[PDB]
Amino acid sequence: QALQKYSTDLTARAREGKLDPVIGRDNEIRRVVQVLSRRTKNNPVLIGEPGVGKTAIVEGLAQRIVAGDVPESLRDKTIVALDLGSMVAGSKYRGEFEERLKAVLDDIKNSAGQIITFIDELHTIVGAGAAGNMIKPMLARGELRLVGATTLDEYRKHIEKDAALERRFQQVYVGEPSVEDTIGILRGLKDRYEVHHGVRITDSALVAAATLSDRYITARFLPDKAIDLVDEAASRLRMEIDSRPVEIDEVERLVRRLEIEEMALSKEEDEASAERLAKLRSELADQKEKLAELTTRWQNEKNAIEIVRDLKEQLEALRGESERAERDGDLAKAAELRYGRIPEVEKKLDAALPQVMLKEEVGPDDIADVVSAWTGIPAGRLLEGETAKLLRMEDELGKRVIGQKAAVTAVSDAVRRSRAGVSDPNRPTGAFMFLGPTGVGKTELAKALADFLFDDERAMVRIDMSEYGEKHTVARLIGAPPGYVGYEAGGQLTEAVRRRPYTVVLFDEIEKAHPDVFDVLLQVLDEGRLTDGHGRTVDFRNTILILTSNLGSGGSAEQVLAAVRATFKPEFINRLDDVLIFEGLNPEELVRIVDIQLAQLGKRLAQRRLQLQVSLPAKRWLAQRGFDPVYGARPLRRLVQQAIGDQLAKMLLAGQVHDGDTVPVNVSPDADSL
Amino acid sequence: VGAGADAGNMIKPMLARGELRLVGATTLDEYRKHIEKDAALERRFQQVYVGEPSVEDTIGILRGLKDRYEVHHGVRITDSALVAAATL
Ligand SMILES: Nc1ncnc2c1ncn2[C@@H]1O[C@H](COP(=O)(O)OP(=O)(O)OP(O)(O)=S)[C@@H](O)[C@H]1O
Ligand SMILES: Nc1ncnc2c1ncn2[C@@H]1O[C@H](COP(=O)(O)OP(=O)(O)OP(O)(O)=S)[C@@H](O)[C@H]1O
């Protein structure tokens, strides 16, 4: 009675069909049976990584027994799964727990060879005492079966430490299934999710949800890292087929919130607030417009679907009538229906029939959208709005960087070549090095690129190679070996990519580092991974590595290349993408930097409503004064500051330039007045 | 992970079957220190990365929360101040 009291049957649940299909894994069940029905050491223990499927095999064996496909001496066994969590509970006296264990063991002893005990998470029996050692006597006679399943490391962490027991067990290895076996298991399990949710599931989806989740989720194992995607896409589609679909359910909520905020911002007795109120209304209206446009779209197709349906119904009614005409022998209506009314409505149906958005089944891209919500990595289809930004990318980078089209092109052509699903999948999404004279942009372009993709300049992982001067500093970006002072901290680079692996990495002044920090970027590049202290393996197959330097600084093109081939390894300059070289600024190009800097300054002193008004000779002199062709565009910034900001501050903190003003600037013989 | 002395371990069966719904919240760098050690457990969990907002939306959050403090402290708060309390 103790068995039915504490433990729980498994074959009884199998009889009610409460288990899931167990597609595949015949070799492992064969091995488990041929080990279980042995004479001695009749105790199998399943060993495998978490997620490979280790309880599923035992459920499959239970199904096989209840079906009757097992060898001779395995008929009507009634496998039982223990529960020590329920066994040791409220047994708060000296002689209760071991007594209950003795009772269970004796009730198992009674049944000669029927009961096949099963313990999931076998490692829980190493303690449980204050005991748990009343298993060696029974296993010393082969009186139990006791199939168990644990993970790989907990085995050597809780059992191998007790090498007496490990002698009495027989190991079975369970490796992860490959992509085809995973597709098979998914095609087997599709039905249960189809019935639990309320939607259909195609097969191209079951193929994509297996080929993707092996490439992107590099932390789990197939039989579940593939199931999760489908089981999330199904629920998303059910929620969509409920009240209004996604991409409307967000615009509506943004519009309502904007209306609420404006309804109380309007009643403000201020002047600073009177200008921020003039943009709130603008955006609210410009989004009301989009909500209206989107609403009509989904509202129609809706009607079209209903039309089609009606036409189907009508058709069928006529078909039923042609049957009847033949039942009644009515020729007048017989063919009138059979080649008149029926094909008439059929054609009408067919004409409306082509009538996307929320079709009614999880396509091959809902899985991709789920994977994109996961891991932040976007793998979609260039949904007709981003394919315009990815064409204006160059002209848009031209808003912050000027000139250097030779580099802006080779930077842009490294993103579309990955969006179009073309570039190699085992290499970073692009890793190339800038080098040239100082003050040209080789750091500003990396910032402009890292903002084109995230809209916040601080979201790029950044490490300065000017500190890593010796070997022993390499451990700063990889963590520390096992068992040292700083070990619960991990690395500094690695940890910024193991979370949100879509960032953009920037190595500043690569040549200032010790030529052993170079020796880890060898396997960073051209393979896209490295191993930190804890043995983990992060994956750079989606990052965009960028490197800057200042080598040579004087050569046309061959002296800088000589410096590179002398200070870099051939097997390290052989892995990179195009090695771009910048040109330098010209007396013409400086005006388009001058006006950018002046707009920057106007935006800076704009929180106090203090816009400027610059003159044409002012800009021309300001560009023709600071130009020297050795320090790039920094002297221009210094000159702007020293020539405008100091006079402006002198005038400002002496009154007379109070808030809400606009001062004009004009040229005097050498300096410029205000 | 604690409570033991075989604890937070009797919940592994019920988790993998979806019986009890679980909703949690742990800071980003104690996860990898107390959970990812036990990958047998963190398999059962679905991660939801929560990135920090920007100033333009912090403005909105403050505009919504203003009235909750207006009542607590018997004062009034300017929107030109709710903007500065985020830009600054
Ligand atoms: N061969 C298979 N046939 C059908 N479903 C499978 C198969 N292998 C795995 N699965 C499914 O994939 C999941 C596997 O989860 P489990 O095997 O219970 O995890 P586990 O293998 O027990 O790992 P631990 O150590 O218990 S965390 C379940 O949802 C199973 O239904
Ligand atoms: N091509 C450019 N376009 C716009 N601003 C630029 C450009 N080159 C330099 N600047 C300005 O100069 C600063 C950026 O200097 P950078 O050239 O990026 O420094 P750097 O590229 O790291 O060069 P070094 O050799 O490392 S000092 C910012 O204040 C920019 O406004």
# chains A, B, ... in the order shown; residues from 1 in each chain; ligands from 1
>>> closest_atom_pairs(of="chain A", to="ligand 1", cutoff="7 Å", atoms="only C-alpha atoms and all ligand atoms", output="JSON lines")
{"residue": "A:20", "atom": "CA", "partner": "ligand 1", "partner_atom_place_in_ligand_line": "31 (O)", "distance": 6.2}
{"residue": "A:21", "atom": "CA", "partner": "ligand 1", "partner_atom_place_in_ligand_line": "4 (C)", "distance": 5.5}
{"residue": "A:22", "atom": "CA", "partner": "ligand 1", "partner_atom_place_in_ligand_line": "3 (N)", "distance": 3.6}
{"residue": "A:23", "atom": "CA", "partner": "ligand 1", "partner_atom_place_in_ligand_line": "3 (N)", "distance": 4.4}
{"residue": "A:24", "atom": "CA", "partner": "ligand 1", "partner_atom_place_in_ligand_line": "1 (N)", "distance": 5.1}
{"residue": "A:25", "atom": "CA", "partner": "ligand 1", "partner_atom_place_in_ligand_line": "1 (N)", "distance": 5.4}
{"residue": "A:49", "atom": "CA", "partner": "ligand 1", "partner_atom_place_in_ligand_line": "25 (O)", "distance": 6.7}
{"residue": "A:50", "atom": "CA", "partner": "ligand 1", "partner_atom_place_in_ligand_line": "23 (O)", "distance": 4.2}
{"residue": "A:51", "atom": "CA", "partner": "ligand 1", "partner_atom_place_in_ligand_line": "23 (O)", "distance": 4.4}
{"residue": "A:52", "atom": "CA", "partner": "ligand 1", "partner_atom_place_in_ligand_line": "21 (O)", "distance": 5.0}
{"residue": "A:53", "atom": "CA", "partner": "ligand 1", "partner_atom_place_in_ligand_line": "17 (O)", "distance": 3.1}
{"residue": "A:54", "atom": "CA", "partner": "ligand 1", "partner_atom_place_in_ligand_line": "21 (O)", "distance": 3.7}
{"residue": "A:55", "atom": "CA", "partner": "ligand 1", "partner_atom_place_in_ligand_line": "22 (O)", "distance": 4.4}
{"residue": "A:56", "atom": "CA", "partner": "ligand 1", "partner_atom_place_in_ligand_line": "17 (O)", "distance": 4.9}
{"residue": "A:57", "atom": "CA", "partner": "ligand 1", "partner_atom_place_in_ligand_line": "1 (N)", "distance": 6.7}
{"residue": "A:149", "atom": "CA", "partner": "ligand 1", "partner_atom_place_in_ligand_line": "25 (O)", "distance": 6.8}
{"residue": "A:150", "atom": "CA", "partner": "ligand 1", "partner_atom_place_in_ligand_line": "25 (O)", "distance": 5.3}
{"residue": "A:151", "atom": "CA", "partner": "ligand 1", "partner_atom_place_in_ligand_line": "25 (O)", "distance": 4.8}
{"residue": "A:185", "atom": "CA", "partner": "ligand 1", "partner_atom_place_in_ligand_line": "3 (N)", "distance": 5.5}
{"residue": "A:189", "atom": "CA", "partner": "ligand 1", "partner_atom_place_in_ligand_line": "4 (C)", "distance": 6.9}
{"residue": "A:223", "atom": "CA", "partner": "ligand 1", "partner_atom_place_in_ligand_line": "12 (O)", "distance": 4.6}
{"residue": "A:224", "atom": "CA", "partner": "ligand 1", "partner_atom_place_in_ligand_line": "12 (O)", "distance": 4.9}
>>> write_last_selection(atoms="N, CA, C and O atoms", output="mmCIF file, in the first residue's frame")
data_model
loop_
_atom_site.group_PDB
_atom_site.id
_atom_site.type_symbol
_atom_site.label_atom_id
_atom_site.label_comp_id
_atom_site.auth_asym_id
_atom_site.auth_seq_id
_atom_site.Cartn_x
_atom_site.Cartn_y
_atom_site.Cartn_z
ATOM 1 N N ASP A 20 3.143 11.792 -24.224
ATOM 2 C CA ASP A 20 3.306 12.337 -25.561
ATOM 3 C C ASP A 20 3.987 11.331 -26.475
ATOM 4 O O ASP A 20 4.687 10.426 -26.012
ATOM 5 N N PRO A 21 3.783 11.452 -27.786
ATOM 6 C CA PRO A 21 4.466 10.555 -28.722
ATOM 7 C C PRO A 21 5.978 10.642 -28.580
ATOM 8 O O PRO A 21 6.532 11.676 -28.205
ATOM 9 N N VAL A 22 6.642 9.529 -28.884
ATOM 10 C CA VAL A 22 8.050 9.325 -28.552
ATOM 11 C C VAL A 22 8.824 9.017 -29.832
ATOM 12 O O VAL A 22 9.677 8.123 -29.861
ATOM 13 N N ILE A 23 8.483 9.715 -30.913
ATOM 14 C CA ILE A 23 9.062 9.486 -32.235
ATOM 15 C C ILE A 23 10.575 9.333 -32.164
ATOM 16 O O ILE A 23 11.268 10.173 -31.581
ATOM 17 N N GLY A 24 11.093 8.265 -32.756
ATOM 18 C CA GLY A 24 12.520 8.050 -32.806
ATOM 19 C C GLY A 24 13.061 7.414 -31.542
ATOM 20 O O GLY A 24 12.329 6.911 -30.690
ATOM 21 N N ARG A 25 14.390 7.439 -31.437
ATOM 22 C CA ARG A 25 15.105 6.934 -30.265
ATOM 23 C C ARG A 25 14.821 5.451 -30.037
ATOM 24 O O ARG A 25 14.508 5.021 -28.927
ATOM 25 N N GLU A 49 23.161 15.607 -21.603
ATOM 26 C CA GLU A 49 23.055 17.024 -21.311
ATOM 27 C C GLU A 49 21.589 17.420 -21.123
ATOM 28 O O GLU A 49 20.686 16.705 -21.562
ATOM 29 N N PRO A 50 21.324 18.544 -20.457
ATOM 30 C CA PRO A 50 19.932 18.907 -20.173
ATOM 31 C C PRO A 50 19.212 19.381 -21.420
ATOM 32 O O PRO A 50 19.602 20.364 -22.051
ATOM 33 N N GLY A 51 18.144 18.669 -21.768
ATOM 34 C CA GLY A 51 17.341 18.992 -22.924
ATOM 35 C C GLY A 51 17.416 17.988 -24.051
ATOM 36 O O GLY A 51 16.578 18.036 -24.957
ATOM 37 N N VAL A 52 18.390 17.078 -24.022
ATOM 38 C CA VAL A 52 18.499 16.054 -25.051
ATOM 39 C C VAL A 52 17.302 15.123 -25.081
ATOM 40 O O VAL A 52 16.954 14.606 -26.146
ATOM 41 N N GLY A 53 16.647 14.922 -23.947
ATOM 42 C CA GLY A 53 15.586 13.944 -23.850
ATOM 43 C C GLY A 53 16.058 12.727 -23.091
ATOM 44 O O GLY A 53 16.731 11.857 -23.647
ATOM 45 N N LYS A 54 15.718 12.662 -21.827
ATOM 46 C CA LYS A 54 16.106 11.557 -20.962
ATOM 47 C C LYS A 54 14.930 10.990 -20.193
ATOM 48 O O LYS A 54 14.934 9.805 -19.861
ATOM 49 N N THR A 55 13.929 11.812 -19.887
ATOM 50 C CA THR A 55 12.675 11.280 -19.377
ATOM 51 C C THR A 55 11.793 10.794 -20.515
ATOM 52 O O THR A 55 10.989 9.873 -20.331
ATOM 53 N N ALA A 56 11.944 11.393 -21.699
ATOM 54 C CA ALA A 56 11.144 10.986 -22.848
ATOM 55 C C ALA A 56 11.394 9.530 -23.209
ATOM 56 O O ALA A 56 10.473 8.821 -23.622
ATOM 57 N N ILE A 57 12.630 9.062 -23.048
ATOM 58 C CA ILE A 57 12.940 7.676 -23.381
ATOM 59 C C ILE A 57 12.229 6.723 -22.428
ATOM 60 O O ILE A 57 11.730 5.669 -22.837
ATOM 61 N N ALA A 149 17.739 8.876 -14.342
ATOM 62 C CA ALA A 149 18.127 9.866 -15.337
ATOM 63 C C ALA A 149 18.644 11.120 -14.647
ATOM 64 O O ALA A 149 17.908 11.758 -13.890
ATOM 65 N N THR A 150 19.901 11.467 -14.917
ATOM 66 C CA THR A 150 20.502 12.694 -14.409
ATOM 67 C C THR A 150 21.224 13.386 -15.554
ATOM 68 O O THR A 150 21.395 12.822 -16.636
ATOM 69 N N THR A 151 21.665 14.613 -15.303
ATOM 70 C CA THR A 151 22.472 15.343 -16.262
ATOM 71 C C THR A 151 23.898 14.804 -16.232
ATOM 72 O O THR A 151 24.229 13.887 -15.477
ATOM 73 N N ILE A 185 10.860 14.586 -35.116
ATOM 74 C CA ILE A 185 10.160 14.695 -33.840
ATOM 75 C C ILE A 185 9.120 15.807 -33.894
ATOM 76 O O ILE A 185 8.009 15.668 -33.364
ATOM 77 N N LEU A 189 5.073 15.649 -33.268
ATOM 78 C CA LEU A 189 4.407 16.331 -32.163
ATOM 79 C C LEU A 189 3.489 17.465 -32.597
ATOM 80 O O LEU A 189 2.752 17.990 -31.754
ATOM 81 N N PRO A 223 15.862 19.155 -29.089
ATOM 82 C CA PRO A 223 14.463 18.715 -28.942
ATOM 83 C C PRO A 223 13.566 19.691 -28.206
ATOM 84 O O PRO A 223 12.342 19.530 -28.256
ATOM 85 N N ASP A 224 14.121 20.694 -27.526
ATOM 86 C CA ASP A 224 13.323 21.741 -26.905
ATOM 87 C C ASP A 224 13.634 23.131 -27.432
ATOM 88 O O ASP A 224 12.723 23.958 -27.541
#
>>> interface_residues(of="chain B", to="chain A", cutoff="9 Å", atoms="only C-alpha atoms", output="ChimeraX atom specification")
/B:6-7,9-10,29,32-33,39-41,43,47-49,54,60,63-64,78-80
>>> write_last_selection(atoms="N, CA and C atoms", output="short mmCIF file (atom, residue, chain, number, x, y, z; two decimals), in the first residue's frame")
data_model
loop_
_atom_site.label_atom_id
_atom_site.label_comp_id
_atom_site.auth_asym_id
_atom_site.auth_seq_id
_atom_site.Cartn_x
_atom_site.Cartn_y
_atom_site.Cartn_z
N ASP B 6 18.51 19.19 -1.98
CA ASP B 6 17.13 18.75 -1.85
C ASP B 6 16.22 19.90 -1.40
N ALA B 7 16.20 20.96 -2.20
CA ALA B 7 15.31 22.10 -1.98
C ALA B 7 15.32 22.96 -3.23
N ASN B 9 14.04 21.88 -5.63
CA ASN B 9 14.36 20.76 -6.51
C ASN B 9 13.11 19.92 -6.70
N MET B 10 12.25 19.90 -5.68
CA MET B 10 10.95 19.26 -5.84
C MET B 10 10.05 20.02 -6.79
N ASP B 29 23.30 40.23 -13.30
CA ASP B 29 24.58 39.62 -12.98
C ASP B 29 24.56 38.81 -11.69
N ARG B 32 23.70 34.77 -13.80
CA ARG B 32 24.85 33.96 -14.19
C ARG B 32 25.67 33.48 -13.00
N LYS B 33 25.33 33.90 -11.79
CA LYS B 33 26.09 33.52 -10.62
C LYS B 33 25.38 32.50 -9.74
N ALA B 39 22.36 24.53 -14.93
CA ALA B 39 21.70 24.49 -16.23
C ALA B 39 20.58 23.47 -16.31
N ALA B 40 20.59 22.47 -15.42
CA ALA B 40 19.45 21.58 -15.32
C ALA B 40 18.18 22.33 -14.95
N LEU B 41 18.32 23.48 -14.29
CA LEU B 41 17.18 24.30 -13.90
C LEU B 41 16.88 25.42 -14.88
N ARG B 43 17.08 25.59 -17.84
CA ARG B 43 16.43 25.17 -19.06
C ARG B 43 14.94 25.48 -19.02
N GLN B 47 13.72 33.62 -21.04
CA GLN B 47 14.31 34.90 -20.69
C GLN B 47 13.63 36.04 -21.42
N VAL B 48 13.52 37.18 -20.74
CA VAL B 48 12.93 38.39 -21.31
C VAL B 48 13.84 39.56 -20.97
N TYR B 49 14.69 39.94 -21.91
CA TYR B 49 15.65 41.01 -21.68
C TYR B 49 14.92 42.34 -21.60
N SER B 54 15.27 55.52 -22.57
CA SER B 54 16.02 56.72 -22.89
C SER B 54 15.35 57.93 -22.26
N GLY B 60 8.16 60.85 -20.39
CA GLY B 60 6.77 60.40 -20.32
C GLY B 60 6.45 59.69 -19.02
N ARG B 63 6.03 62.34 -16.47
CA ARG B 63 4.78 63.05 -16.68
C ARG B 63 3.60 62.25 -16.16
N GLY B 64 3.68 60.93 -16.23
CA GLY B 64 2.61 60.11 -15.70
C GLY B 64 2.66 59.96 -14.19
N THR B 78 6.36 71.39 -11.77
CA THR B 78 6.36 71.95 -13.11
C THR B 78 6.85 70.92 -14.12
N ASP B 79 6.23 70.92 -15.30
CA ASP B 79 6.71 70.04 -16.36
C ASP B 79 8.06 70.49 -16.89
N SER B 80 8.32 71.80 -16.88
CA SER B 80 9.66 72.29 -17.19
C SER B 80 10.67 71.82 -16.16
#
>>> select_by_dssp(residues="region 3-86 of chain B", states="alpha helix (DSSP H)", output="ChimeraX atom specification")
/B:12-15,28-34,39-42,55-72,79-86
>>> residues_near_ligand(ligand="ligand 2", cutoff="10 Å", atoms="only C-alpha atoms and all ligand atoms", output="PyMOL selection string")
chain A and resi 398-404+434-448+508-509+548-551+553+582-585+589-590+592-594+596-597+600+631-638
>>> residues_around(residues="region 172-179 of chain A", least_positions_apart="4", cutoff="7 Å", atoms="only C-alpha atoms", output="short mmCIF file (atom, residue, chain, number, x, y, z; two decimals) with N, CA, C and O atoms, in the first residue's frame")
data_model
loop_
_atom_site.label_atom_id
_atom_site.label_comp_id
_atom_site.auth_asym_id
_atom_site.auth_seq_id
_atom_site.Cartn_x
_atom_site.Cartn_y
_atom_site.Cartn_z
N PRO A 44 19.97 0.52 -15.18
CA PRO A 44 20.44 1.51 -16.15
C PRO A 44 20.29 2.92 -15.60
O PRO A 44 19.33 3.25 -14.90
N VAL A 45 21.26 3.76 -15.94
CA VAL A 45 21.22 5.17 -15.59
C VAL A 45 21.49 5.98 -16.85
O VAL A 45 22.49 5.76 -17.54
N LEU A 46 20.59 6.90 -17.16
CA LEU A 46 20.67 7.67 -18.39
C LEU A 46 21.49 8.93 -18.14
O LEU A 46 21.24 9.66 -17.18
N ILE A 47 22.47 9.16 -19.01
CA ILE A 47 23.40 10.27 -18.87
C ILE A 47 23.36 11.10 -20.14
O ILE A 47 23.58 10.58 -21.23
N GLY A 48 23.08 12.39 -19.99
CA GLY A 48 23.04 13.27 -21.13
C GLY A 48 22.84 14.70 -20.69
O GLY A 48 22.42 14.98 -19.57
N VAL A 52 18.39 17.08 -24.02
CA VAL A 52 18.50 16.05 -25.05
C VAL A 52 17.30 15.12 -25.08
O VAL A 52 16.95 14.61 -26.15
N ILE A 183 13.52 17.51 -37.03
CA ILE A 183 12.38 17.72 -37.92
C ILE A 183 11.39 16.57 -37.78
O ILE A 183 10.17 16.78 -37.78
N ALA A 210 13.53 24.49 -37.05
CA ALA A 210 14.62 23.59 -36.73
C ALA A 210 15.94 24.03 -37.33
O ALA A 210 16.98 23.87 -36.70
N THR A 211 15.93 24.59 -38.54
CA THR A 211 17.19 25.04 -39.12
C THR A 211 17.67 26.37 -38.54
O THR A 211 18.86 26.66 -38.61
N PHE A 221 19.62 22.81 -26.39
CA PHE A 221 19.73 21.62 -27.22
C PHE A 221 18.43 21.37 -27.98
O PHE A 221 17.36 21.85 -27.60
N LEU A 222 18.55 20.61 -29.07
CA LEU A 222 17.55 20.66 -30.14
C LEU A 222 16.13 20.31 -29.70
O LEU A 222 15.22 21.13 -29.93
#
>>> atom_distance(atom1="CA of residue 423 (chain A)", atom2="CA of residue 501 (chain A)")
17.8 Å
>>> atom_distance(atom1="CA of residue 335 (chain A)", atom2="CA of residue 347 (chain A)")
16.6 Å
>>> closest_residue(among="B:56, B:65, B:81, B:37", to="residue 280 (chain A)", atoms="only C-alpha atoms")
B:56
>>> residues_around(residues="residue 308 (chain A)", least_positions_apart="4", cutoff="12 Å", atoms="only C-alpha atoms", output="number ranges by chain")
A: 301-304, 312-315, 345-355
>>> atom_distance(atom1="CA of residue 155 (chain A)", atom2="CA of residue 35 (chain B)")
18.4 Å
>>> residues_around(residues="residue 534 (chain A)", least_positions_apart="3", cutoff="8 Å", atoms="only C-alpha atoms", output="MDAnalysis selection string")
chainID A and resid 481:482 490 531
>>> residues_around(residues="region 642-646 of chain A", least_positions_apart="6", cutoff="10 Å", atoms="only C-alpha atoms", output="list in words")
residues 601, 622, 636, 652, 665, 671, 672, 673 and 674 of chain A
>>> write_last_selection(atoms="N, CA, C and O atoms", output="PDB file, in the first residue's frame")
ATOM      1  N   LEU A 601      26.726  73.311 -31.798  1.00  0.00           N
ATOM      2  CA  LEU A 601      26.781  74.314 -30.738  1.00  0.00           C
ATOM      3  C   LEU A 601      25.413  74.939 -30.502  1.00  0.00           C
ATOM      4  O   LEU A 601      24.998  75.131 -29.351  1.00  0.00           O
ATOM      5  N   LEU A 622      35.923  81.370 -40.725  1.00  0.00           N
ATOM      6  CA  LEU A 622      36.074  80.342 -39.707  1.00  0.00           C
ATOM      7  C   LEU A 622      36.575  79.038 -40.303  1.00  0.00           C
ATOM      8  O   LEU A 622      37.191  78.232 -39.600  1.00  0.00           O
ATOM      9  N   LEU A 636      39.831  73.130 -35.887  1.00  0.00           N
ATOM     10  CA  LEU A 636      38.611  73.857 -36.201  1.00  0.00           C
ATOM     11  C   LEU A 636      37.706  73.952 -34.980  1.00  0.00           C
ATOM     12  O   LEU A 636      37.144  75.015 -34.695  1.00  0.00           O
ATOM     13  N   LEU A 652      27.500  86.892 -21.562  1.00  0.00           N
ATOM     14  CA  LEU A 652      26.309  86.258 -21.018  1.00  0.00           C
ATOM     15  C   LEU A 652      26.222  86.412 -19.510  1.00  0.00           C
ATOM     16  O   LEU A 652      25.186  86.839 -18.991  1.00  0.00           O
ATOM     17  N   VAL A 665      26.441  87.343 -35.418  1.00  0.00           N
ATOM     18  CA  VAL A 665      27.896  87.369 -35.479  1.00  0.00           C
ATOM     19  C   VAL A 665      28.307  87.855 -36.862  1.00  0.00           C
ATOM     20  O   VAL A 665      27.642  87.559 -37.860  1.00  0.00           O
ATOM     21  N   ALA A 671      39.458  89.327 -35.811  1.00  0.00           N
ATOM     22  CA  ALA A 671      38.498  88.577 -35.018  1.00  0.00           C
ATOM     23  C   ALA A 671      37.090  88.822 -35.552  1.00  0.00           C
ATOM     24  O   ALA A 671      36.893  89.460 -36.588  1.00  0.00           O
ATOM     25  N   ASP A 672      36.089  88.301 -34.844  1.00  0.00           N
ATOM     26  CA  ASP A 672      34.692  88.513 -35.214  1.00  0.00           C
ATOM     27  C   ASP A 672      33.923  88.982 -33.987  1.00  0.00           C
ATOM     28  O   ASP A 672      34.017  88.373 -32.917  1.00  0.00           O
ATOM     29  N   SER A 673      33.173  90.068 -34.144  1.00  0.00           N
ATOM     30  CA  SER A 673      32.373  90.611 -33.061  1.00  0.00           C
ATOM     31  C   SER A 673      31.083  89.820 -32.893  1.00  0.00           C
ATOM     32  O   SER A 673      30.838  88.830 -33.589  1.00  0.00           O
ATOM     33  N   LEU A 674      30.254  90.267 -31.958  1.00  0.00           N
ATOM     34  CA  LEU A 674      28.974  89.626 -31.708  1.00  0.00           C
ATOM     35  C   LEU A 674      27.841  90.637 -31.784  1.00  0.00           C
ATOM     36  O   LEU A 674      27.084  90.804 -30.830  1.00  0.00           O
TER      37      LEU A 674
END
>>> decode(residues="region 51-79 of chain B", atoms="C-alpha atoms", output="PDB file, in the first residue's frame")
ATOM      1  CA  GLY B  51      16.670  47.191 -21.805  1.00  0.00           C
ATOM      2  CA  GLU B  52      16.853  50.549 -20.110  1.00  0.00           C
ATOM      3  CA  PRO B  53      14.767  53.423 -21.504  1.00  0.00           C
ATOM      4  CA  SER B  54      16.022  56.717 -22.889  1.00  0.00           C
ATOM      5  CA  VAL B  55      15.414  60.326 -21.885  1.00  0.00           C
ATOM      6  CA  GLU B  56      12.541  60.814 -24.321  1.00  0.00           C
ATOM      7  CA  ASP B  57      10.509  58.085 -22.621  1.00  0.00           C
ATOM      8  CA  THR B  58      11.710  58.844 -19.105  1.00  0.00           C
ATOM      9  CA  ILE B  59      10.055  62.214 -19.699  1.00  0.00           C
ATOM     10  CA  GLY B  60       6.774  60.403 -20.316  1.00  0.00           C
ATOM     11  CA  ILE B  61       7.149  58.157 -17.279  1.00  0.00           C
ATOM     12  CA  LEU B  62       7.710  61.218 -15.098  1.00  0.00           C
ATOM     13  CA  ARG B  63       4.779  63.052 -16.683  1.00  0.00           C
ATOM     14  CA  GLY B  64       2.614  60.109 -15.696  1.00  0.00           C
ATOM     15  CA  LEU B  65       3.980  59.720 -12.176  1.00  0.00           C
ATOM     16  CA  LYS B  66       3.875  63.432 -11.224  1.00  0.00           C
ATOM     17  CA  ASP B  67       0.426  63.285  -9.635  1.00  0.00           C
ATOM     18  CA  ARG B  68       1.378  60.444  -7.273  1.00  0.00           C
ATOM     19  CA  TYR B  69       3.900  62.702  -5.516  1.00  0.00           C
ATOM     20  CA  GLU B  70       1.863  65.893  -5.902  1.00  0.00           C
ATOM     21  CA  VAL B  71      -0.612  64.381  -3.435  1.00  0.00           C
ATOM     22  CA  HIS B  72       1.991  63.008  -1.020  1.00  0.00           C
ATOM     23  CA  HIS B  73       3.909  66.269  -0.669  1.00  0.00           C
ATOM     24  CA  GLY B  74       1.464  69.138  -0.575  1.00  0.00           C
ATOM     25  CA  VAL B  75       3.185  70.953  -3.436  1.00  0.00           C
ATOM     26  CA  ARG B  76       2.977  71.285  -7.214  1.00  0.00           C
ATOM     27  CA  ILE B  77       5.508  70.210  -9.837  1.00  0.00           C
ATOM     28  CA  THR B  78       6.357  71.948 -13.111  1.00  0.00           C
ATOM     29  CA  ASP B  79       6.707  70.038 -16.365  1.00  0.00           C
TER      30      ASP B  79
END
